[PDB]
Amino acid sequence: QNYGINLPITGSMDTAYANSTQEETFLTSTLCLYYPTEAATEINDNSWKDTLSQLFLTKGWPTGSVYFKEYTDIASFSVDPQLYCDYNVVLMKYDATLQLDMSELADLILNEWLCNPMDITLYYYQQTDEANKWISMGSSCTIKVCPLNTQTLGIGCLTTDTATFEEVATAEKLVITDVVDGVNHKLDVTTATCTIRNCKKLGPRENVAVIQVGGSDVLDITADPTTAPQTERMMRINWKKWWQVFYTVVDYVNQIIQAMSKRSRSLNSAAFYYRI
Amino acid sequence: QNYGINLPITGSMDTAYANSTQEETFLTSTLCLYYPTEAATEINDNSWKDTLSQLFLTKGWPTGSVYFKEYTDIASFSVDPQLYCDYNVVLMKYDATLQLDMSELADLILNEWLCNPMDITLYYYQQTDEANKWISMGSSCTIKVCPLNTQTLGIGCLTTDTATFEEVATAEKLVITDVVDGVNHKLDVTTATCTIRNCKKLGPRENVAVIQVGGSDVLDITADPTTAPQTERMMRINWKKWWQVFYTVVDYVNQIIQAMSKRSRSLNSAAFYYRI
Amino acid sequence: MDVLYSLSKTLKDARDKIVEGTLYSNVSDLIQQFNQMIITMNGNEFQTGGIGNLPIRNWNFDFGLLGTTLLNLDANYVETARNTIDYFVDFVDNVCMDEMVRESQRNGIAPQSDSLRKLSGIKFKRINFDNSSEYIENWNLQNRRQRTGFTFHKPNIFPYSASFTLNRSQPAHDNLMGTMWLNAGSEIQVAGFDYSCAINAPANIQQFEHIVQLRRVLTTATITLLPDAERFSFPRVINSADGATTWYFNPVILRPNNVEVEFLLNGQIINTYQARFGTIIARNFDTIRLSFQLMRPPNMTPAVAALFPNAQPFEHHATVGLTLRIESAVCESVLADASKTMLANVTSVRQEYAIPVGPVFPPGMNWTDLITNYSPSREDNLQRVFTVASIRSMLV
Amino acid sequence: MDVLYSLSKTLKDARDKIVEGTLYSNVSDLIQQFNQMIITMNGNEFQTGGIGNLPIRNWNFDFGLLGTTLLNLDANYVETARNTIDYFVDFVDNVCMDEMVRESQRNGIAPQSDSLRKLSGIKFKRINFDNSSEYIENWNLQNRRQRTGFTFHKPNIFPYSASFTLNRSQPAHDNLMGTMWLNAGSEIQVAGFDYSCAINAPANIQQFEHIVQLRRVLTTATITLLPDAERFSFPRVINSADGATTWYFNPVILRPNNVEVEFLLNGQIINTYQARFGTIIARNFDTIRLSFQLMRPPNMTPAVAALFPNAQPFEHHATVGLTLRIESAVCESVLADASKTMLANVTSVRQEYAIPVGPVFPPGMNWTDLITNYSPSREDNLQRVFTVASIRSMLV
Ligand SMILES: *[C@@H]1O[C@H](CO)[C@@H](O)[C@H](O)[C@H]1NC(C)=O
Ligand SMILES: *[C@@H]1O[C@H](CO)[C@@H](O)[C@H](O)[C@H]1NC(C)=O
Ligand SMILES: [Ca+2]
Ligand SMILES: [Ca+2]
Ligand SMILES: [Ca+2]
Ligand SMILES: [Ca+2]
Ligand SMILES: [Ca+2]
Ligand SMILES: [Ca+2]
Ligand SMILES: [Ca+2]
Ligand SMILES: [Ca+2]
Ligand SMILES: [Zn+2]
Ligand SMILES: [Zn+2]
Ligand SMILES: [Zn+2]
């Protein structure tokens, strides 16, 4: 009711715990499962979605509340991951060659971003703070950078000649560009094919959990080299069949949801802060 | 916040006024000016965006803060409008023929919406309360309605025969359908080229301003026939040249922003909140 | 205190009763009292203090007695008495001024000036006689911890406060729900405003509650309760709680619904009035809880229906008022009121002689600060200076 | 009260001094006082105890005087005295118990039991003599409205309260800024915690404030102030404010910065200590304002730099603390404390005889509820029962 203003909340250290709200949340919340195409390929069962829905129903989720979304691969899914369920579980297959992209994908959907437009060829752009990144997304993101000095002359690059621009991204579906802060950079991007946005990492996103299937711990959702935070929403499982993976996800859905929380930026309380 | 949103805020009616926050707002905000193609065509300058940015700088905005987005026309712009900056001023050209489409676009961008997906092919949908509408967007949105009764048989229509449906929309980019509340309806929509969502108008969107270029006051952002609220964010100007229009927008940017409230910008750029 | 009051009372009685032509039997007791005062005061030296700009004054008493042999008083007798009375009145006025401009944090009820401390000695107790004024009566009663009472017409009990609470708010400040109030002196004007007119409230009712905590208990209070708050019924531009911006208020007054005024003492309900507005009695209370509801009128003429749309923008904001005036009450503690001049006298004396701010009272004897922080030490010092002010006003 | 105390004091003296072999000159004045007491009480009927399970006891006094003629006391004298003393001690104990279990909203300072009402009569005032105990001395001073004083070791001035305030919080409770405190008895332990370690705070400083409003003014208070709050310095899983969920607190303690402890009276700074730890003195205050700061260390070793990342997740939460113990203080009102047994005596008596809850005190004489809502009526009743309990403990 008092939207758009922060008020202190006081609580006594002896208030009685409410009962478990897990059953009510499962009843009144939707769960979107994101899996690669090859998972459905290897399952081969036409009615597998219905079977998993019934299994979730045995786990307490009402029929039709759980959604099963499909994506081709990590690179294509990364073009614009749009997660709209209350709870999102993204199954991500591991690949040694795609490690950074995997990280990028995680860094794109495990955190909340406030993104403004970027108009290259008309503005020079700085990255103000640690949280100011440039998120480029599209069919093919190729980004080249020319750092300017205080006199606007490029450093190791000629503003007139784009060919001398230092190159940071080549044919990427998603790329997070972090440049030196306090330096104005001219940018060259395939605007017709990729869009770049000036984004601020506001904070973690709590309704999305990425389960990495096979591999080891490789995700890095923070640009700082000295931190590789393995949060509770980044899980990892060893596998040989996708059916076992899905059965594990259904069986331990309580643990998955416990590691997740309702999107704070969303819902009525966060009204006139950013969204809703 | 959320643990204190439902807590009172108390203020004394003698608290001294703070200084103007306009300069700080411009220093920390982003401005998005939306104009039609004819504007850029008529200006016929390749450095007019730079001119506008520099003039805004004279008016206090930093260099890379004012952004320019072009749309073909009112009907095209209404397909998934994307409001990007903190402050979004839309120069909407007036047409005596596009009156309802102007009203629908203004309704969609001057109010906040909470939208859920509809399955017209399976379920029969009804509009619960006076705020419950249907919003259909697409390349070609044609929507036909068959009202039903408590026994599910149609009235003036047959569910099997779509041809008898009481058509409400044809060849539309954006349409806001408002049917009688409490009556179950069966819908035929071009699901191939049209997406229809069950939406609720939560409230005003205060960071979007609409300047109607030319014409009279014809906007009707409210379905209720008895009310046509003209708000601070629904401006109207008379024009002969687009350059004078943009000069007027730049010069009175103080008044325009002062007529808009920040903190209304969502994390996403959509005109609606999508909830599964 | 009783001795200073007795001196002043004797001098006032002598001024009123020692008049040309009067029967000696009219003044016999008064003359004996006055001569007792002369005998007691003779041979004593007093110094009224030099605090602030109040000048140091020395007082020496060597007076003759008033005659007792006349049958009727004559002009010579009256003038002879008036000389002594004038000296005594000047002395008592200076003693009262010296006491009023002093305070202490330990024994604020005890004398603070040198003259009043000297007068507290046993030898001056002979001067003591009829202690009939309200303030001296209360002083003697509370010295024995007997139940006291001060009667106040319009007791200045509420510290000045013009505030508002918002229960529904947002940066646009165009759909606001809350209350605004002025608690000033003996009056409370409160108003609950809902901008939507309870369009989406359950039963279309918006409940408003206002709680006022009195710093002292009031008894036998007569109170007027009017439905409307005329202070919050016109358009206003009101600062925000943090002062960042202003918001517009455009009230349209609806009669409050289910009005319930509770008067409580120590959290227990003593008095309760429901939908009553003429004149009510709160017999003993320290808290006032006002409940009033904005009920959306189910039936509206076209103008009324137009004023209240189903959704935003809301331009005519439904406001329900309330006005509570404590016309008269009784408090066991001294209070400023509309009729008495004690506070004004003490403040005037402290301002005239530029008394430095002390450790007990707020600067300038500001009543809002005092009644907000009405501590027992402040109460003791205030009762002392108010009793002394009344004693002074008997003469000056 | 003075008469009951005089009876008890006479009996205690008689128990301690009327001993075999003692010189009569050691007891002569006491024997006179005792004989006066016997003479006054002879021929009087008392009834004690008709509330709760307290039995009805009837008391009749027909006793002989003690002799005056001996040089040293012998066995006969001691035996006669002992029989009389036993009866009188039983009577005084029962009268004290009868008074301790009664309360009144109106005149709770005045006697409640019938026996103490009878003993307030003039025909018993002869019993009155040396009133030397702090509680009876305070009682007499309060009767005359002189400044009273109760000395307390570890006064129980703070009602028990273990709560917290979150100034920044989110549903996941992983980036939290706020304060948590225990205000219990004579101790205040307050800790300000920032999960980001003030990474984004202006100047890398997070300000924490904590205000404790004492229900009574304290004077001449000795305070231990220690930098750390050990109670809030270990990993803890805490219920949320509404109790719908639990959150995690993994503190890492940094020393507080710009520690400013203010002791305020009427909202004015009486005492103020800036970065002072150990023993401090608060001479007169009713409020304690503790303001401290988490200052992010400008220089860190690799371990410290690792504790506090630049952004979430924050696994180590920077906490600053403060511990404030009131060792000894003086209050104008009775209070429970660690050394006295008045509250324990009254509670024990009310529990042993199943005294129904009254209109003044909370059930079970709960001290937290009593000092939370320490009203004047509660204060008067409590001073009465505490004085009676101190009188009782002289004999029982
Ligand atoms: C909570 O759980 C308890 C224990 O099972 C049960 O008695 C109660 O009905 C439940 N619901 C509520 C609302 O307390
Ligand atoms: C506000 O404006 C006043 C007057 O122009 C000026 O003195 C002051 O420094 C300004 N800044 C603040 C923070 O009040
Ligand atoms: Ca990549
Ligand atoms: Ca180069
Ligand atoms: Ca950077
Ligand atoms: Ca890293
Ligand atoms: Ca249309
Ligand atoms: Ca038809
Ligand atoms: Ca409808
Ligand atoms: Ca309308
Ligand atoms: Zn406000
Ligand atoms: Zn001890
Ligand atoms: Zn919480």
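The residue numbers of chain A are those assigned by Swiss-Prot, with the residues present covering 51-326 sequentially.
Technique stated in the header: electron microscopy, 2.4 Å.
Each residue, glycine too, has its Cβ placed from N, Cα and C.
According to Swiss-Prot, the N-linked glycosylation site annotation covers A:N69, on the basis of experimental evidence. For A:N69 (N-linked glycosylation site), the count of additional Cβ atoms within 10 Å of its Cβ stands at 8 [all protein chains shown].
The disulfide bond annotation in Swiss-Prot covers A:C82-A:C135 (among others) and is backed by experimental evidence. Within 10 Å of the C-beta of A:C135 (disulfide bond) there are 20 other C-beta atoms, taking all protein chains into account.
Here Swiss-Prot flags A:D95, A:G206, A:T214, A:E216 as Ca(2+) 1 binding site. In the three-state DSSP scheme, A:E216 (Ca(2+) 1 binding site) falls into the strand class. Other Cβ atoms within 10 Å of the Cβ of A:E216 (Ca(2+) 1 binding site), summed over all protein chains shown, number 14.
A strand conformation is recorded for A:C249 (disulfide bond) in the three-state DSSP classification. If you draw a 10 Å sphere around the CB of A:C249 (disulfide bond), it holds 20 other CB atoms from the protein chains shown. The disulfide bond annotation in Swiss-Prot covers A:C165-A:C249 (among others) and rests on experimental evidence.
What Swiss-Prot lists as Ca(2+) 2 binding site is A:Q177, A:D228, A:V229, A:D231, A:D301. Taking all protein chains in view, 19 other C-beta atoms sit within 10 angstroms of the C-beta of A:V229 (Ca(2+) 2 binding site).
The feature disulfide bond is assigned by Swiss-Prot to A:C191-A:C244 (among others), with experimental evidence given as support. DSSP assigns A:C191 (disulfide bond) to a strand.
Within 10 Å of the C-beta atom of A:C196 (disulfide bond) sit 22 other C-beta atoms, taking all shown protein chains into account. Residues annotated as disulfide bond in Swiss-Prot: A:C196-A:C207 (among others).
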Measuring Cα to Cα, how far is A:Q177 (Ca(2+) 2 binding site) from A:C191 (disulfide bond) in Å?
19
Sequence gap of 6 or more, C-beta under 8 Å: which same-chain residues meet both conditions with respect to A:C191 (disulfide bond)?
A:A219, A:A221, A:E222, A:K223, A:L224, A:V225, A:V239, A:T240, A:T243, A:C244, A:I246
Integer Å distance between the CA atoms belonging to A:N69 (N-linked glycosylation site) and A:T214 (Ca(2+) 1 binding site)
64
Measuring Cα to Cα, tell me the gap between A:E216 (Ca(2+) 1 binding site) and A:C135 (disulfide bond) in whole angstrom.
40
Within its own chain, what residues at least 6 apart in sequence put their Cβ under 8 Å from the Cβ of A:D228 (Ca(2+) 2 binding site), listed in sequence order?
A:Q177, A:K183, A:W184, A:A273
If you measure A:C82 (disulfide bond) to A:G206 (Ca(2+) 1 binding site) at Cα, how many Å is it?
47
Applying a CB distance under 8 A toward chain B to the recorded positions A:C82, A:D95, A:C135, A:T214, A:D231 yields A:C82, A:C135
Can you give me the Cα-Cα distance between A:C249 (disulfide bond) and A:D301 (Ca(2+) 2 binding site) in Å, rounded to a whole number?
37
Measuring Cβ to any atom of ligand 4 with a strict under-6 Å cutoff, which of the recorded positions A:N69, A:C82, A:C165, A:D301 qualify?
none
Other Cβ atoms within 10 Å is the metric here; tell me which of the binding-site residues A:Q177, A:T214 scores highest.
A:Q177
Just to be sure I understand the contacts, which recorded positions have a Cβ under 6 angstroms from any atom of ligand 8? Candidates are A:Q177, A:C191, A:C196, A:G206.
none
